[PDB]
């Protein structure tokens, strides 16, 4: 029950994974690596958060490169190469790979040479198996050393798509995610040679963007392979995003049957993963929501019994970070006594 975890990349996801982990007893963070964030600086970035407010616990700078958070010691490193991080020195079993620059199996596996046993990439991967809690975590096997928790958008769309497909079938679906800007964007028009639109002033523009999240649902849900795709629109909010899923079902279904199916799943097998609301929600109301997907019943609309537009919110930082921790706890039980 003592799951020792390390974090590589103390950014938005790394710090919010950290914040949720230290406020609970299911997982212990023992080590953090980030070459661009010194230990005293890390304490400040943890204490003060523009999006999620001040850290509630207690923080102390104990030694040169240690922090004491809630009477627990955490060692910090500044290694640019993951192979140089001594995870095994402190008994790190599971590493959260949240840098954004080690998303392939060949790069992420460098944590294993440092003593780590499992690596969980906090992003989609070109070749590592992807998992979405509540959709396909039971397909995990203990022989898998490098895994992916997919993207925030996939974690929003896949639980919803599972409910719709299981109950009424998805013949075809097209998705738009209206998505808050992120750390990859620019404050003013700047270089983004791999994504020209993505370099434009983040808080002044609606910015079309590509995403693999809808195609990735066809990997976590194989029966939907080739039946979903979509795109993204980056808009001037700093956090919280929303999925807009236009799909044609296989069976006739009313919008009230869709609502009831989602509400049923939200209270049953997908409790804590898929939420259901009928309130007049706006994006700030979902800031800090721990679910992966919050279905907005009153925002969607149906054209007919076969063609519907479904709206589901997600805090792209908070919900996804909790899934990382949920995934770590799940595979920790499988690797031991399941």
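Numbering follows the first chain given and starts at 1.
J.: On mean Cα temperature factor in this entry, is 87-95 or 237-245 the higher one?
T.: According to the PDB entry, the answer is 87-95.
J.: Comparing 135-143 with 257-265, where is the mean C-alpha B-factor higher?
T.: Comparing 135-143 with 257-265, the higher average CA B-factor belongs to 135-143.
J.: Could you tell me which one of 162, 107, 251, 200 shows the highest CA temperature factor in the PDB record?
T.: Among 162, 107, 251, 200, the highest C-alpha B-factor in the entry belongs to 107.
J.: Of the options 102, 168, 181, 196, which has the highest CA B factor as deposited?
T.: So the option with the highest C-alpha B-factor is 102.
J.: Name the third of the chain's ranked CA B-factors that contains residue 278, choosing lowest, middle or highest.
T.: Ranked within chain, residue 278 CA B lands in the middle tercile.
J.: Taking the C-alpha B-factors as the PDB entry records them, is residue 23 in the lowest, middle or highest third of its chain?
T.: For residue 23, the deposited C-alpha B-factor lands in the highest third.
J.: By the recorded C-alpha temperature factor, relative to the other modelled residues in its chain, which third is residue 122 in?
T.: For residue 122, the deposited C-alpha B-factor lands in the middle third.
J.: Sorting the chain's CA B-factors, does residue 307 end up in the lowest, middle or highest third?
T.: Tercile = lowest for this residue's CA B-factor.
J.: Residue 81: which third of its chain by C-alpha temperature factor?
T.: Its C-alpha B-factor belongs to the highest third of this chain's values.
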